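*Asks:* give me the fold of what follows.
(chains A, B, C, D and E, ligands or ions: 5)
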Amino acid sequence: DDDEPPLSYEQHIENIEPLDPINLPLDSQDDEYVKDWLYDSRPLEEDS
Amino acid sequence: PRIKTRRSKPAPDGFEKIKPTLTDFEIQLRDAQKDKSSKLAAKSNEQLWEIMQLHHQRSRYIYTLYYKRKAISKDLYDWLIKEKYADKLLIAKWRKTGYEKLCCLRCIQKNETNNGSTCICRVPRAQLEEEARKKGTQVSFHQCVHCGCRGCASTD
Amino acid sequence: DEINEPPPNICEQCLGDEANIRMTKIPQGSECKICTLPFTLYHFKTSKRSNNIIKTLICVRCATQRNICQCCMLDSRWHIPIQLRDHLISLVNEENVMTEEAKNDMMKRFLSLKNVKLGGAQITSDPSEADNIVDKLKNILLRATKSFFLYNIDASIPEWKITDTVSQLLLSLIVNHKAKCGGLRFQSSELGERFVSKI
Amino acid sequence: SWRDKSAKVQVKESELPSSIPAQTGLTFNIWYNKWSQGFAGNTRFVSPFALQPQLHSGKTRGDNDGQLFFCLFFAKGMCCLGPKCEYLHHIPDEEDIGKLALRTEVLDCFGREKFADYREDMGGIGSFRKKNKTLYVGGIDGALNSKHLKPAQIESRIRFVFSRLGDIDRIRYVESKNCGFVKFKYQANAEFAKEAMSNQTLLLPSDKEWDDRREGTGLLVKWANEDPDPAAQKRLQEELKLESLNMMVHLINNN
Amino acid sequence: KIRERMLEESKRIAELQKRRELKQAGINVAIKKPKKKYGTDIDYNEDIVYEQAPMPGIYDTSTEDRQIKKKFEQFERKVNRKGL
Ligand SMILES: [Zn+2]
Ligand SMILES: [Zn+2]
Ligand SMILES: [Zn+2]
Ligand SMILES: [Zn+2]
Ligand SMILES: [Zn+2]
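*Replies:* Residues are numbered from 1 along each chain as shown, chains lettered A, B, ... in the order given. Ligands and ions are numbered 1, 2, ... in the order given. See below for the structure:
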């Protein structure tokens, strides 16, 4: 609504557990090497 | 990863023993960020001094568990650093030699100040007191600007 | 303009007794109270752990025209206000040397740009005539020398002299200076008998 | 004495007056905390608070630090910090005035900067070109809620109110015009008593509108002009002459 | 402009009439000034507004200064008492 102030993150948002993203379900053996990290934020941020 | 999402990992063993006490700091932080309206300026600094105190005490709790009395596993302590229950850099300053009672990380940053020097809470008390006794007035430093620190020297 | 601006003149009473000061230059800080025009404000502190921070308030044109400090507004030689300096210069050589003070915010920022050294600063901007008039001040100084009902109070003496003498001759005091009915009243009648006894 | 007890808190922080004042106009301005689309020519009210110089005054935090300046809100009657206030919480005496002497030439007793010329209506802070010591008390008929009170008693109440805020050189109440002229002995007492007794009342409990003193407007303390009384002018000239002789002595001794 | 000058003239006359009546009554209402239309609008009795000094020469002008100051002070006193 136009007259509603933007709701505070710390009260109305942060205490709610998030919901399910897109995440195409991968096969277990045809997609073996990329399955455990394909959908991370930075997929191999710590794998030297 | 302070919010708990799908990317997060489940907790190691000892966390359920120390889950309640950390919970106290959580609810106490949700009194501090709560917008109590104050007209003055010093009374609006008191709120930020309270927040920095609560963050310092939670980090001292996780530090005094893992390093001093060795009461939690290393595998749990890495999780507590990952999930931002602790400040890795402030604990890294606590592990040094001259810095153990350190308030916050803006009181040792030389770049922020006017002329070089750190915050005045880093001075020992007796050195300030002998300079104030030499000039004969009194020691006039009650409480710092950044933290509200009252003498966070290692000897004090 | 500001590519060659003169250094300030800060009174020696204002700078303090510490032999090393740091002062902050802000190239267009405040605007001048006499001159209405921007200048480079300086804000030092006397010792490092003093409580309050002295800052300059007037322009350097406005300070030089009156031959005064910037932090203090006092005459830079004799260390007295402008209004008493002009009285002392006016009382000796009889010129009415009084300083001219401009309203109408165009006129004050007009006057601040001319370079004339305003009224009584012409003498004390030079050490010679400033010492000559002190020599003349020597000559003028040489030619110079429970409730009580008071009555015949001098017409120009205030209440506090009466109270300070009674506190030496040892409350309330209501003195109407017109009718001279000095209705003094002590807090104890024993103190009334005390004051009756001492006189 | 006030050197013994620490300064009492005058009013709590929660019990302070709010901002967003009074609902005068229609729409509230944010950059300036005032009301717009409005009508306003009065905008005055009786101050709820007042200091009691024997009950409230005492030592504070920044008295051990030797601060020169006096608390503005101690004077006005609403200082909400008590023993923690940075500024002084007591009436200016000879010792405190003697320390301010380098700074009173430029700025106030409270530490505020004196402007070049007074105001259209002789407002708040002084002017640094003149050491004025006489205060104009006026608006007394609003200060008394229109209780006509036989003017010698009004002069007695103005005598008693300012007798606690310092030393008095002289008092005068004017018969023809509802005003009084109060000359203090030092300047800092005049500055303190001006900001301490603005927007106050003259009523005191046994006066039948003490429960109803809060309605009204309250009195005005401003700066007095020059006195056209020729006796006052000749007294001023004589006092100027004696000050001139004192400064002649000091300037000769500094050569 | 003709009409406005005549009307401002008669308005000033009425404004002085009421002051003279109150002066006879014994209450001296000072004359209010016109208001400024902008922030640095100049009043012309406060100061000599762009005062230029005549850049002194070789001759001496102290006694003539005193004689002028005497004459002007005496004229102002005479207008105050007797009224021009
Ligand atoms: Zn600290
Ligand atoms: Zn700190
Ligand atoms: Zn600090
Ligand atoms: Zn200037
Ligand atoms: Zn205070």
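*Asks:* going by C-alpha atoms from here, please, whenever you check contacts or count neighbours.
*Replies:* Will do.
*Asks:* what residues does the stretch 51-200 of chain D put near ligand 5?
*Replies:* Residues of the stretch 51-200 of chain D lying close to ligand 5 (Cα under 5 Å from the ion) are D:71, D:74, D:79, D:85.
*Asks:* excluding its backbone neighbours, what's nearest the first one?
*Replies:* The reference is to residue D:71. Distances taken as Cα to Cα, 6 or more residues apart in numbering or on different chains place residue D:87 nearest to residue D:71, at 5.0 Å, with adjacent residues excluded.
*Asks:* count the residues that sit near that neighbour.
*Replies:* 24 (other Cα atoms under 10 Å in any protein chain shown).
*Asks:* just to revisit the earlier point, ok, of the residues of the stretch 51-200 of chain D next to ligand 5, which come out buried?
*Replies:* D:71, D:74, D:79, D:85 (16 or more other Cα atoms under 10 Å in any protein chain shown).
*Asks:* enumerate every residue touching the residue nearest to residue D:71.
*Replies:* D:60-63, D:67, D:69-71 (Cα atoms under 8 Å, 6 or more residues apart in numbering or on different chains).
*Asks:* one more time with 10 Å, if that's ok
*Replies:* D:59-63, D:65-74, D:110 (Cα atoms under 10 Å, 6 or more residues apart in numbering or on different chains).
*Asks:* next step: the residues you listed restricted to helices.
*Replies:* D:72-74 (DSSP state H).
*Asks:* secondary structure class for the residue in the stretch 51-200 of chain D that chain C sits nearest to?
*Replies:* Of all residues in the stretch 51-200 of chain D, residue D:169 sits closest to chain C, at 5.1 Å by Cα to the nearest Cα. Of the three states, residue D:169 takes strand according to DSSP: H, G, I helix; E, B strand; the rest coil.
*Asks:* now do residue D:183
*Replies:* Residue D:183 - assigned by three-state DSSP - is strand.
*Asks:* could you tell me how many residues sit around it?
*Replies:* 22.
*Asks:* same question for residue A:38.
*Replies:* 14.
*Asks:* so who does residue C:171 touch?
*Replies:* C:146, C:163, C:184-188, C:191.
*Asks:* which of those residues sits closest to chain E?
*Replies:* Nearest to chain E among the contacts of residue C:171, with distances taken as Cα to the nearest Cα, is residue C:184, at 37.2 Å.
*Asks:* hey, what's that closest one bridged with?
*Replies:* Beta bridges link residue C:184 to residue C:148 when assigned by DSSP bridges.
*Asks:* returning to what we had before: which one of the residues of the stretch 51-200 of chain D next to ligand 5 is nearest to ligand 2?
*Replies:* Here the nearest of these to ligand 2, counting by Cα to the ion, is residue D:85; it sits at 22.3 Å.
*Asks:* surely that closest one meets residue D:64?
*Replies:* No: using Cα atoms under 10 Å, residue D:85 is not in contact with residue D:64, being 11.3 Å away.
*Asks:* contact residues of chain B facing ligand 1?
*Replies:* Counting by Cα under 5 Å from the ion, chain B sits next to ligand 1 at B:103, B:121, B:149, B:152.
*Asks:* farthest pair within the residues you listed?
*Replies:* The distance between the two most remote of the residues of chain B next to ligand 1 (Cα to Cα) is 8.5 Å, for B:103 and B:121.
*Asks:* give the residues shared as contacts by those two.
*Replies:* Here residue B:103 and residue B:121 have B:147-153 as joint contacts, going by Cα under 10 Å, 6+ apart.
*Asks:* what is the nearest of those to residue A:44?
*Replies:* Nearest to residue A:44 among the shared contacts of residue B:103 and residue B:121, with distances taken as Cα to Cα, is residue B:147, at 37.4 Å.
*Asks:* which SSE is the residue nearest to the spatial centre of chain E in?
*Replies:* With distances taken as Cα atoms, centre = their mean, residue E:45 lies nearest the centre of chain E, 6.1 Å away. Assigned by DSSP states H and E, residue E:45 belongs to neither a helix nor a strand.
*Asks:* neighbours around residue D:58, how many?
*Replies:* 22.
*Asks:* and the one 4 residues further on, by the same measure?
*Replies:* The burial metric for residue D:62, expressed as a neighbour count using other Cα under 10 Å, is 20.
*Asks:* how about residue B:20?
*Replies:* For residue B:20, the neighbour count with other Cα under 10 Å is 11.
*Asks:* same check, this time on the one 4 residues further on
*Replies:* Each residue near residue B:24 was counted by other Cα under 10 Å, and the total is 12.
*Asks:* that one: what's it in contact with?
*Replies:* B:30, B:58.
*Asks:* then residue C:86?
*Replies:* C:80, C:96-99, C:119-121.
*Asks:* and residue E:55, by the same measure?
*Replies:* Neighbours of residue E:55 in contact, by Cα under 10 Å, 6+ apart: none.
*Asks:* same check on residue A:23?
*Replies:* A:38-39.
*Asks:* distance-wise, check it relative to residue A:40.
*Replies:* Distance, residue A:23 to residue A:40, by Cα to Cα, to the nearest Å: 10 Å.
*Asks:* with residue E:44 instead?
*Replies:* 78 Å.
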